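Student: Numbering (our numbering), first residue to last: 13 to 141.
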């Protein structure tokens, strides 16, 4: 599913991402825009052979099982295909564990490079929340 900006903001709020570990809603919406362009079905292959899955592009090396990443871990305890659903629950739940791992939102490269330090509140402007 391709989410609208304000609609994904609404769903993220409902799942308790607004201010999670100190990160405003605008940060999560910006991260999703540049990771996947709001597309839940977005996949991308990494040079190390792992794959990134879904709206927040969760990595199969550490976080999910896709059955083709030798030596990998599955810290979120779900199949990677679960992260591609139109229901964002499993993605949001896995994101929470990642953001609590010590490095905050830096774990997402597109957030570090394109959202961090910017006016992220622009991403929820005009939205009914």
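Yeah, the Cβ is synthetic: ideal placement off N, Cα and C, and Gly gets one too.
Grouping DSSP H, G and I as helix and E and B as strand, with all else coil, what is residue 137?
Tutor: For the purposes of this step, residue 137 is taken as the residue at position 125 of the chain shown. The answer is coil: DSSP assigns residue 137 none of H, G, I, E or B.
Student: Measure the Cβ-Cβ separation of residue 84 and residue 93 and say whether it is below 9 Å.
Tutor: Position 72 of the chain shown, counting from 1, holds the residue named residue 84. Position 81 of the chain shown, counting from 1, holds the residue named residue 93. Not in contact: residue 84 and residue 93 (Cβ atoms no closer than 9 Å).
Student: Looking at C-alpha atoms only, which residue of 62, 108, 98 is the closest neighbour of residue 82?
Tutor: Here residue 82 is taken as the residue at index 70 of the chain shown, counted from 1. Checked all of 62, 108, 98; the closest Cα to residue 82 is 62.
Student: Using a Cβ-Cβ cut-off of 7 Å (strictly less than) and excluding sequence neighbours within five positions of residue 14, which residues of its own chain qualify?
Tutor: To locate residue 14, count along the chain shown from 1; it is residue 2. By the criterion of a C-beta distance shorter than 7 Å, residue 14 is surrounded in its chain by 50, 51, once the five residues flanking it on both sides are discounted.
Student: Buried or exposed for residue 133, going by 16 or more other Cβ atoms inside 10 Å?
Tutor: Position 121 of the chain shown, counting from 1, holds the residue named residue 133. The residue is exposed, with fewer than 16 neighbouring Cβ atoms inside 10 Å.
Student: Tell me whether residue 58 is buried or exposed, calling it buried when 16 or more other Cβ atoms sit within 10 Å of its Cβ.
Tutor: The sequence position of residue 58 within the chain shown is 46, counting from 1. Answer is exposed; the Cβ neighbour count stays below 16.
Student: Does the Cβ of residue 104 have 16 or more other Cβ atoms within 10 Å, making it buried, or fewer, making it exposed?
Tutor: The residue labelled residue 104 in the question sits at position 92 within the chain shown. With 16 or more Cβ atoms within 10 Å of its Cβ, residue 104 is classed as buried.
Student: Would you call the CB atoms of residue 22 and residue 141 closer than 9 Å?
Tutor: Position 10 of the chain shown holds residue 22. Position 129 of the chain shown holds residue 141. The answer is yes: Cβ separation under 9 Å.
Student: Please return the same chain residues whose Cβ sits closer than 6 Å to the Cβ of residue 38, not counting the five positions on each side in sequence.
Tutor: For the purposes of this step, residue 38 is identified with residue 26 of the chain shown, where counting begins at 1. The residues are 132, 133, 135, 136.
Student: Residue 101 by DSSP, collapsed to three states: which one?
Tutor: As a first step, residue 101 is located in the chain shown; it is residue number 89 there, counting from the start. Helix at residue 101.
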